[PDB]
Amino acid sequence: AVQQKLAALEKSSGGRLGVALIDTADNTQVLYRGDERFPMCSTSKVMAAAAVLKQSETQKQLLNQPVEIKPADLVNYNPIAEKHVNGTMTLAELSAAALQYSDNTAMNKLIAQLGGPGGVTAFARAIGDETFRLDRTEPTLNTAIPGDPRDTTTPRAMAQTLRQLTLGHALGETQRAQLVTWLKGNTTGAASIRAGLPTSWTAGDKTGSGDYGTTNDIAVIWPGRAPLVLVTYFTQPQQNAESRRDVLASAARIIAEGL
Ligand SMILES: O=C(Nc1cccc(-c2nnn[nH]2)c1)c1cccc(F)c1
Ligand SMILES: O=C(Nc1cccc(-c2nnn[nH]2)c1)c1cccc(F)c1
């Protein structure tokens with residue numbers, strides 16, 4: 001039923017849809033193209049922020065560390081970082097800016113703090129994600145070229161990792177709480193997964209988009225039942241395709257009605 005509905009949605013959308021649900025009530029999973037690779041785009045910002053949080057477990061002052069923002073550091077979407085040019089932002093501010101505003105300059109500073117895109121991948125491997133790969137910095141990590149393995153993961157792997165980070169023991173308790181607080185404070189998510197969920201439910205999420213009309217969202221959801229983790233990835237055959245947040249909302253609604 002749910003599988004057929006997601007297939008119909010995908011067909012009418014003209015693109016390629018990837019879905020992974022984990023229901024933590026009983027570990028049930030719903031997968032649609034769960035093991036195909038998709039470009040993560042800004043959903044990768046969660047892994048970068050989480051890695052810096054992991055570093056902060058052994059450097060308790062790390063989130064207070066100032067980082068210089070120079071004019072040359074500004075890239076293509078810098079809603080927070082542009083205010084601090086020729087000044088500084090703390091690693092906490094950079095994490096919040098990347099997660100809650102999807103600031104690309106902020107993400108680049110997180111990547112640099114981790115020793116480059118490979119440092120983000122190394123953290124993923126350390127927590128048991130063998131699928132995630134970050135290869136590039138912003139903005140080129142969002143090129144989303146069909147068939148390109150760079151900066152991709154699978155819906156199954158990202159759902160598992162998001163669960164470990166937000167509901168499991170990948171991070172210390174304080175760090176896990178901070179990540180959840182940041183995600184719940186996202187400003188960019190109302191039109192995506194959360195648009196397809198009952199209004200009484202609470203959630204945190206991280207969106208992403210790129211070329212090929214790539215439109216992504218990953219969410220942790222608190223419904224009268226145990227939390228859910230939901231990943232919805234979507235990408236289209238033409239480089240200049242329009243974003244389709246409505247497709248993510250539709251996939252989420254199909255999932256929610258199928259519960
Ligand atoms: O894997 C990483 N850190 C990590 C992973 C798992 C456990 C721990 C740890 N911290 N204190 N004890 N163990 C650290 C990591 C963090 C930042 C950058 C990087 F490349 C790797
Ligand atoms: O950087 C890009 N997009 C971008 C930048 C900042 C935030 C987001 C975003 N989309 N949904 N959440 N965040 C997307 C980008 C778009 C097209 C091609 C490209 F190379 C990069």
# chains A, B, ... in the order shown; residues from 1 in each chain; ligands from 1

call {"tool": "residues_near_ligand", "arguments": {"ligand": "ligand 2", "cutoff": "10 Å", "atoms": "only C-alpha atoms and all ligand atoms", "output": "JSON, numbers by chain"}}
result
{"A": [41, 42, 43, 45, 75, 76, 77, 78, 79, 98, 99, 100, 101, 102, 103, 104, 105, 107, 137, 138, 139, 140, 141, 142, 143, 144, 145, 187, 188, 189, 192, 206, 207, 208, 209, 210, 211, 212, 213, 214, 215, 216, 217, 239, 240, 243, 245]}

call {"tool": "residues_near_ligand", "arguments": {"ligand": "ligand 1", "cutoff": "12 Å", "atoms": "only C-alpha atoms and all ligand atoms", "output": "JSON, numbers by chain"}}
result
{"A": [47, 48, 49, 50, 51, 52, 53, 54, 55, 56, 57, 58, 59, 60, 110, 111, 112, 113, 114, 115, 116, 117, 118, 119, 120, 121, 122, 123, 124, 125, 126, 127, 128, 129, 134, 165, 169, 170, 171, 172, 175]}

call {"tool": "atom_distance", "arguments": {"atom1": "CA of residue 155 in chain A", "atom2": "CA of residue 20 in chain A"}}
result
5.2 Å

call {"tool": "select_by_dssp", "arguments": {"residues": "range 50-208 of chain A", "states": "strand (DSSP E or B)", "output": "ChimeraX atom specification"}}
result
/A:66-69,87-90,152-153,202-208

call {"tool": "residues_around", "arguments": {"residues": "residue 1 in chain A", "least_positions_apart": "2", "cutoff": "12 Å", "atoms": "only C-alpha atoms", "output": "mmCIF file with N, CA, C and O atoms, in the first residue's frame"}}
result
data_model
loop_
_atom_site.group_PDB
_atom_site.id
_atom_site.type_symbol
_atom_site.label_atom_id
_atom_site.label_comp_id
_atom_site.auth_asym_id
_atom_site.auth_seq_id
_atom_site.Cartn_x
_atom_site.Cartn_y
_atom_site.Cartn_z
ATOM 1 N N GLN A 3 4.127 1.420 -0.239
ATOM 2 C CA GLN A 3 5.073 1.256 -1.342
ATOM 3 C C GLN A 3 4.496 1.689 -2.688
ATOM 4 O O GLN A 3 5.164 2.370 -3.465
ATOM 5 N N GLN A 4 3.255 1.288 -2.950
ATOM 6 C CA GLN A 4 2.570 1.642 -4.193
ATOM 7 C C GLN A 4 2.293 3.140 -4.247
ATOM 8 O O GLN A 4 2.432 3.766 -5.300
ATOM 9 N N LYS A 5 1.908 3.711 -3.104
ATOM 10 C CA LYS A 5 1.639 5.151 -3.029
ATOM 11 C C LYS A 5 2.902 5.978 -3.279
ATOM 12 O O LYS A 5 2.861 6.970 -4.004
ATOM 13 N N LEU A 6 4.022 5.557 -2.694
ATOM 14 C CA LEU A 6 5.287 6.257 -2.908
ATOM 15 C C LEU A 6 5.743 6.133 -4.356
ATOM 16 O O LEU A 6 6.278 7.086 -4.922
ATOM 17 N N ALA A 7 5.504 4.965 -4.959
ATOM 18 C CA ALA A 7 5.819 4.765 -6.373
ATOM 19 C C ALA A 7 4.973 5.664 -7.284
ATOM 20 O O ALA A 7 5.484 6.226 -8.253
ATOM 21 N N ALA A 8 3.688 5.802 -6.965
ATOM 22 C CA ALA A 8 2.801 6.690 -7.721
ATOM 23 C C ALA A 8 3.230 8.150 -7.580
ATOM 24 O O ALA A 8 3.274 8.894 -8.565
ATOM 25 N N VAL A 30 10.448 1.429 7.039
ATOM 26 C CA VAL A 30 9.833 1.507 5.718
ATOM 27 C C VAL A 30 10.868 2.141 4.805
ATOM 28 O O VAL A 30 11.376 3.216 5.099
ATOM 29 N N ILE A 254 2.129 10.302 3.245
ATOM 30 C CA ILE A 254 1.919 8.882 2.943
ATOM 31 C C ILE A 254 2.435 8.010 4.098
ATOM 32 O O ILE A 254 1.741 7.107 4.558
ATOM 33 N N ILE A 255 3.643 8.304 4.572
ATOM 34 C CA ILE A 255 4.233 7.584 5.700
ATOM 35 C C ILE A 255 3.372 7.718 6.964
ATOM 36 O O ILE A 255 3.054 6.711 7.605
ATOM 37 N N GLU A 257 0.179 8.532 7.338
ATOM 38 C CA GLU A 257 -1.133 7.898 7.193
ATOM 39 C C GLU A 257 -1.035 6.374 7.192
ATOM 40 O O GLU A 257 -2.015 5.678 7.493
ATOM 41 N N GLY A 258 0.153 5.862 6.872
ATOM 42 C CA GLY A 258 0.412 4.423 6.869
ATOM 43 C C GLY A 258 0.790 3.835 8.219
ATOM 44 O O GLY A 258 0.850 2.612 8.366
ATOM 45 N N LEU A 259 1.034 4.696 9.206
ATOM 46 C CA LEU A 259 1.468 4.260 10.538
ATOM 47 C C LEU A 259 0.372 3.540 11.321
ATOM 48 O O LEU A 259 0.658 2.839 12.296
#

call {"tool": "closest_residue", "arguments": {"among": "A:87, A:15, A:147, A:34", "to": "residue 67 in chain A", "atoms": "only C-alpha atoms"}}
result
A:87

call {"tool": "atom_distance", "arguments": {"atom1": "CA of residue 71 in chain A", "atom2": "CA of residue 86 in chain A"}}
result
6.7 Å

call {"tool": "select_by_dssp", "arguments": {"residues": "range 68-170 of chain A", "states": "alpha helix (DSSP H)", "output": "number ranges by chain"}}
result
A: 91-101, 104-113, 117-126, 155-167

call {"tool": "write_last_selection", "arguments": {"atoms": "N, CA and C atoms", "output": "CSV table (one decimal), in the first residue's frame"}}
result
chain,number,residue,atom,x,y,z
A,91,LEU,N,32.3,28.5,17.5
A,91,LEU,CA,31.9,27.2,16.9
A,91,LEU,C,30.4,26.9,17.2
A,92,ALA,N,29.9,27.3,18.4
A,92,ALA,CA,28.5,27.2,18.7
A,92,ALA,C,27.7,28.0,17.7
A,93,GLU,N,28.1,29.2,17.4
A,93,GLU,CA,27.3,30.1,16.5
A,93,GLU,C,27.4,29.5,15.1
A,94,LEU,N,28.5,29.0,14.7
A,94,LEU,CA,28.7,28.4,13.4
A,94,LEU,C,27.8,27.2,13.3
A,95,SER,N,27.8,26.3,14.3
A,95,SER,CA,26.9,25.1,14.3
A,95,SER,C,25.4,25.5,14.2
A,96,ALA,N,25.0,26.5,15.0
A,96,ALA,CA,23.6,26.9,14.9
A,96,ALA,C,23.3,27.5,13.6
A,97,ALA,N,24.2,28.3,13.0
A,97,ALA,CA,24.0,29.0,11.7
A,97,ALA,C,23.9,27.9,10.6
A,98,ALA,N,24.7,26.9,10.6
A,98,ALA,CA,24.7,25.9,9.6
A,98,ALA,C,23.4,25.1,9.7
A,99,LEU,N,23.0,24.7,10.9
A,99,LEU,CA,21.9,23.8,11.1
A,99,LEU,C,20.5,24.5,10.9
A,100,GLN,N,20.4,25.7,11.5
A,100,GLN,CA,19.1,26.4,11.7
A,100,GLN,C,18.8,27.3,10.5
A,101,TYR,N,19.9,27.9,9.9
A,101,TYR,CA,19.7,28.8,8.8
A,101,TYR,C,20.3,28.3,7.5
A,104,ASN,N,26.0,28.4,4.4
A,104,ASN,CA,27.1,27.7,3.7
A,104,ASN,C,28.5,28.1,4.2
A,105,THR,N,28.7,29.4,4.6
A,105,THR,CA,30.0,29.8,5.1
A,105,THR,C,30.2,29.1,6.5
A,106,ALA,N,29.2,29.1,7.3
A,106,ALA,CA,29.2,28.4,8.6
A,106,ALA,C,29.6,26.9,8.4
A,107,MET,N,28.9,26.2,7.5
A,107,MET,CA,29.3,24.8,7.2
A,107,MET,C,30.8,24.7,6.8
A,108,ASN,N,31.3,25.6,5.9
A,108,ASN,CA,32.7,25.5,5.6
A,108,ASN,C,33.6,25.6,6.8
A,109,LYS,N,33.3,26.5,7.8
A,109,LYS,CA,34.1,26.6,9.0
A,109,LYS,C,34.0,25.3,9.8
A,110,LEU,N,32.9,24.7,9.9
A,110,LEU,CA,32.8,23.4,10.5
A,110,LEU,C,33.7,22.3,9.9
A,111,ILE,N,33.6,22.3,8.5
A,111,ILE,CA,34.4,21.3,7.8
A,111,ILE,C,35.9,21.6,8.1
A,112,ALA,N,36.3,22.8,8.1
A,112,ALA,CA,37.7,23.2,8.3
A,112,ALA,C,38.2,22.8,9.7
A,113,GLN,N,37.3,23.0,10.7
A,113,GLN,CA,37.5,22.6,12.1
A,113,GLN,C,37.8,21.0,12.2
A,117,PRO,N,36.6,17.8,4.3
A,117,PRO,CA,35.4,16.9,4.2
A,117,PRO,C,35.7,15.4,4.7
A,118,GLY,N,36.9,15.0,4.5
A,118,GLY,CA,37.3,13.6,5.0
A,118,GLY,C,37.2,13.5,6.5
A,119,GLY,N,37.3,14.6,7.2
A,119,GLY,CA,37.2,14.5,8.7
A,119,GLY,C,35.7,14.3,9.1
A,120,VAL,N,34.8,14.8,8.2
A,120,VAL,CA,33.4,14.6,8.5
A,120,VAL,C,33.0,13.1,8.2
A,121,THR,N,33.6,12.5,7.1
A,121,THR,CA,33.5,11.1,6.8
A,121,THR,C,34.1,10.2,7.9
A,122,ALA,N,35.2,10.6,8.4
A,122,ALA,CA,35.9,9.9,9.5
A,122,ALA,C,35.0,9.8,10.7
A,123,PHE,N,34.4,10.9,11.0
A,123,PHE,CA,33.4,10.8,12.2
A,123,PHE,C,32.3,9.9,11.9
A,124,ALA,N,31.7,9.9,10.7
A,124,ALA,CA,30.6,9.0,10.3
A,124,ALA,C,31.1,7.6,10.5
A,125,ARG,N,32.3,7.2,10.0
A,125,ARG,CA,32.8,5.9,10.1
A,125,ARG,C,32.9,5.5,11.6
A,126,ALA,N,33.4,6.4,12.4
A,126,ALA,CA,33.6,6.2,13.8
A,126,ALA,C,32.3,5.8,14.6
A,155,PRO,N,19.2,6.6,1.9
A,155,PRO,CA,18.2,6.9,2.9
A,155,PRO,C,18.3,6.0,4.2
A,156,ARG,N,18.6,4.7,4.0
A,156,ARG,CA,18.7,3.8,5.1
A,156,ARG,C,19.8,4.2,6.0
A,157,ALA,N,21.0,4.5,5.4
A,157,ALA,CA,22.1,4.9,6.3
A,157,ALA,C,21.9,6.2,7.0
A,158,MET,N,21.3,7.2,6.4
A,158,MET,CA,21.1,8.5,7.0
A,158,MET,C,20.1,8.4,8.1
A,159,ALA,N,19.0,7.6,7.9
A,159,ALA,CA,18.0,7.4,9.0
A,159,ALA,C,18.7,6.8,10.2
A,160,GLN,N,19.5,5.7,10.0
A,160,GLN,CA,20.2,5.1,11.1
A,160,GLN,C,21.1,6.0,11.8
A,161,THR,N,21.9,6.7,11.1
A,161,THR,CA,22.8,7.7,11.7
A,161,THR,C,22.0,8.8,12.5
A,162,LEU,N,21.0,9.4,11.9
A,162,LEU,CA,20.2,10.4,12.5
A,162,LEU,C,19.6,9.9,13.8
A,163,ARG,N,19.2,8.6,13.8
A,163,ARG,CA,18.7,8.0,15.1
A,163,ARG,C,19.8,7.9,16.1
A,164,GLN,N,20.9,7.4,15.7
A,164,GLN,CA,22.0,7.3,16.7
A,164,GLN,C,22.4,8.6,17.3
A,165,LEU,N,22.5,9.7,16.4
A,165,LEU,CA,22.9,11.0,16.9
A,165,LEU,C,21.9,11.7,17.8
A,166,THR,N,20.6,11.5,17.5
A,166,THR,CA,19.6,12.3,18.2
A,166,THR,C,18.9,11.5,19.4
A,167,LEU,N,18.8,10.2,19.2
A,167,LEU,CA,18.1,9.3,20.2
A,167,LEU,C,19.0,8.3,20.8

call {"tool": "residues_around", "arguments": {"residues": "range 151-154 of chain A", "least_positions_apart": "2", "cutoff": "6 Å", "atoms": "only C-alpha atoms", "output": "list in words"}}
result
residues 35, 36, 37, 38, 39, 40, 131, 132, 133, 134, 135, 141, 149, 156 and 157 of chain A

call {"tool": "atom_distance", "arguments": {"atom1": "CA of residue 201 in chain A", "atom2": "CA of residue 222 in chain A"}}
result
5.9 Å
